[PDB]
Amino acid sequence: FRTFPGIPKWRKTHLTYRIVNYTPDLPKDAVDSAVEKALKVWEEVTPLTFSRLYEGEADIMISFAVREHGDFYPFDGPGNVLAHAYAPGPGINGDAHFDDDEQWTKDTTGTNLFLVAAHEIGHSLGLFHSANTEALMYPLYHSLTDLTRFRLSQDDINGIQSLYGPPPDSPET
Ligand SMILES: C[C@@H](N[C@@H](CCc1ccccc1)C(=O)N[C@@H](CCCNC(N)=[NH2+])C(=O)Nc1ccccc1)C(=O)O
Ligand SMILES: [Zn+2]
Ligand SMILES: [Zn+2]
């Protein structure tokens, strides 16, 4: 995890997101699921909340692109960069791009989209590669016998929480 020159942090908890386009491999709902999942993954370790917008300009407008797609980060075929994302902010910032020139799956068999989505989103949220191998923010793909149990490492939470931090358990004191 990391911050930025100005400290990454949205001024609102009620965030919005949107998938501009999908990949010629997965179904729509399936793709959106990856985000829906990535979001929840962080929702578990932040007070933040999310909402989808059938139309309009959402805060996190997730949009895929192959090869060149603006800026200076030209995709190229399958493999390599699976998905990249920038710190939070207007314009290029907040957004997240995947590789449309790559296969995708909804579980541990292909390049688990959600698994990748929870990484890119991390950049969007305001944290970068962490110092743990079990972490999904690590600069290397990481799977599990059962992703249905997957979780972010303390390394990841460290930042996501340090920048925010959800409330304690209700049934307490
Ligand atoms: C590209 C961006 N996103 C990562 C996701 C890594 C990840 C880890 C754990 C769970 C999900 C996702 C990514 O796609 N990394 C690439 C490496 C990009 C190197 N770029 C460069 N040198 N300019 C990656 O891991 N590719 C890859 C694909 C298949 C197998 C192994 C690695 C990043 O590197 O920060
Ligand atoms: Zn990009
Ligand atoms: Zn990364």
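Note that chain A carries Swiss-Prot numbering, so the residues on display, from first to last, are 100-272.
If you check the header, you will see the structure was determined by solution NMR.
Every residue, even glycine, has its Cβ placed from backbone N, Cα and C.
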For the Ca(2+) 2 site that Swiss-Prot describes with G190, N192, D194, which of these is also annotated: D158, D175, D245? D158
Given the recorded positions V180, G190, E219, which one's Cα is the least distant from that of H196 (Zn(2+) 1 binding site)? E219
Cβ-Cβ distance under 8 Å to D198 (Ca(2+) 3 binding site), same chain, at least six residues away: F163, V165, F174, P177, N179, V180, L181, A182
Given the binding-site residues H183, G190, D199, find the one whose Cα is closest in space to the Cα of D175 (Ca(2+) 3 binding site). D199
If you count the other Cβ atoms within 10 Å of each Cβ, which of the binding-site residues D124, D175, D194, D199 comes out on top? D194
Using a 10 Å radius around its CB, how many other CB atoms surround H183 (Zn(2+) 1 binding site)? 16
Entry from the binding-site residues list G178, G190 having the most other CB atoms no farther than 10 A: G178
